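J.:
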Amino acid sequence: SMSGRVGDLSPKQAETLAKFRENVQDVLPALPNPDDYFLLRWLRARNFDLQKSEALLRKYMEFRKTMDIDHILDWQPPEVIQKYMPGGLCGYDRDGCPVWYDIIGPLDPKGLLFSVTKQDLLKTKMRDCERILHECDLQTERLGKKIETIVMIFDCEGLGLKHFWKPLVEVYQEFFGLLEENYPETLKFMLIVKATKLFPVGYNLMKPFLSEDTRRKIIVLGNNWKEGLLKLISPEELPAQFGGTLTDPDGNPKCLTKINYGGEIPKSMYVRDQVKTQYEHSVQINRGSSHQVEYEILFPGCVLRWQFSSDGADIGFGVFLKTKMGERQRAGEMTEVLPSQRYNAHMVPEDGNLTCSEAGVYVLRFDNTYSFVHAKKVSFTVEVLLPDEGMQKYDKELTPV
């Protein structure tokens, strides 16, 4: 079989290329380098189907306009992103392919999304797409061989419940979706290092946004992850932080000159205290009454996630565990999970989550015991975030928490 790459095309692939081009006659005037290489990414992504490859390319032309890709290398992100958005482009693998780091642990999710918008974050990620593509083009020049694929490293140390706040999850979802739509056939490997026991839930949140091609390229490294990275990346190209010998000019092993390590964003940089949201349910509760919902959990390891808002007085909220569905239980008859407390959910919504570490029926209960009024409207959403079953197979090498 032929791989559908320049210098390795079958007669059919070549004829399909020559045709697709004839065909993408009217959009080509807009591109900086529509070489055979460029066209063939689209074709490979859709198995050389002319109509699907064309439709995919045409959508990308629209993305170019929406994101102003023509000028994006000159676009300056907000200072909060420059200073506190983790990751960066650093080094090249053993084959010449550029490496892109993300450092998930120290991300401040609310700090970021209360300081900048989802669109500023996504535009920054697309700017980094365009920067790493330019590194591919420059490596091609340097090495005398075609470089058009990249290595993504996700340092998942410290991946935890804070990261499952829905607005942050949505940024990452949209980012992976943008890569699939606009950067097909660009990924060499996505390497997951130091993943925690929460990785299967996190991955399942992203999975719907990953192509089958991408999913086959995801490698979950274990305890010997430094050796694993060194198999792919020479020590002189791999930060000492990640097992190599590359440092900043001053010797810092973190390579801070190229890789950001996040951190807590100063509250003085915030532009808002909440993001807009809609709720799945709204209920009216009586003075001194309660309202609850119940989830029958058979398979431990899923994450229960909630958000609520209520005008007026504070509202009570807690989570309890009982053995099976049945008539209403008193708090003291159930296993406390999250003991009830008083929350001000009027100025800003309350959100939270927890890991369901035992099978049973989880009861999320609102207690209206703080209004000096007749009754009370509570708006809320509760979701269960399931673990990816295939990734639970790595459980023994995933770090607690």
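According to our numbering, the sequence shown holds residues 155 to 555 in order.
Just so it is clear, CB atoms sit at the ideal spot from N, CA and C, and this is done for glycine as well.
(1) In terms of residues, what are the limits of the beta strand (DSSP E) holding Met344?
(2) I'd like the list of long-range same chain contacts for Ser365, defined as Cβ closer than 6 Å, with 5 residues on each side in sequence excluded.
(3) Work out the CA separation of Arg285 and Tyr516 for me, nearest whole Å.
(4) With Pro240 and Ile257 assumed to form a contact (beta carbons below 8 Å), what rounded beta-carbon distance in angstroms separates them?
(5) Starting from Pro493, follow the beta strand (DSSP E) in both directions and report where the run begins and ends.
(6) The beta strand (DSSP E) spanning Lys531 covers which residue range?
(7) On the DSSP letters alone, give me the boundaries of the alpha helix (DSSP H) that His435 sits inside.
(8) If you draw a straight line from the alpha carbon of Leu313 to that of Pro165, how long is it in whole angstroms?
(9) Is there contact between the region 441-460 and the region 271-287, where contact requires at least three CB pairs shorter than 8 Å?
(10) Enumerate in chain order the residues of its own chain whose CB-to-CB distance from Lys213 is below 7 Å, with the five nearest sequence positions on each side excluded.
(11) So, at 6 Å on beta carbons, what are the nonlocal neighbours of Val347 in its own chain, with the 5 sequence-adjacent residues on each side left out?
(12) Answer with buried or exposed for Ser463, where buried requires no fewer than 16 other C-beta atoms within 10 angstroms of its C-beta.
(13) For my contact list, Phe474 and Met488 are in at a C-beta cut-off of 8 Å; report their separation, rounded to the angstrom.
(14) In three-state terms, what does DSSP make of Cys290?
(15) Output the boundary residues of the beta strand (DSSP E) element that contains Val374.
(16) Within the region 209-258, note down every full alpha helix (DSSP H) run reaching 4 residues or more, in order along the chain.
(17) Cα separation between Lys531 and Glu504?
(18) How would you call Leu297, buried or exposed, if buried means at least 16 neighbouring beta carbons within 10 angstroms?
(19) Please confirm whether any heavy atom of the ligand MN lies closer than 6 Å to the CB of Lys316.
T.: Working from what's here:
(1) Boundaries of the beta strand (DSSP E) harbouring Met344: 341-347, taken from the DSSP string.
(2) Taking C-beta separations shorter than 6 Å and ignoring five residues to either side along the sequence, the partners of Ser365 in its chain run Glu334, following chain order.
(3) Using only the alpha carbons, I get a separation of about 47 Å.
(4) The Cβ separation is near 4 Å, so the contact holds.
(5) Per DSSP, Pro493 belongs to the beta strand (DSSP E) from 489-497.
(6) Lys531 -> beta strand (DSSP E) spans 529-539.
(7) It is not in any alpha helix (DSSP H) - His435 instead sits in the beta strand (DSSP E) that spans 435-440.
(8) Taking the straight line from one Cα to the other gives about 48 Å.
(9) Touching, no, given that fewer than three Cβ pairs across the two stretches are closer than 8 Å.
(10) Correct list, in chain order: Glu335.
(11) Hits under 6 Å: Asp309, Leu375, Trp379.
(12) Buried, since its Cβ has 16 or more Cβ neighbours within 10 Å.
(13) Yes, they are in contact, since the Cβ atoms of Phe474 and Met488 sit about 4 Å apart, within 8 Å.
(14) Three-state DSSP puts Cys290 in a helix.
(15) Where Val374 is concerned, the enclosing beta strand (DSSP E) stretches over 372-374.
(16) Listed in chain order, the alpha helix (DSSP H) elements of length 4 or more contained wholly in the region 209-258 are 233-238.
(17) Answer to the nearest angstrom: the Cα atoms are 15 Å apart.
(18) Exposed, because fewer than 16 other Cβ atoms sit within 10 Å of the Cβ of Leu297.
(19) This structure simply doesn't include the ligand MN, nor any ligand for that matter.
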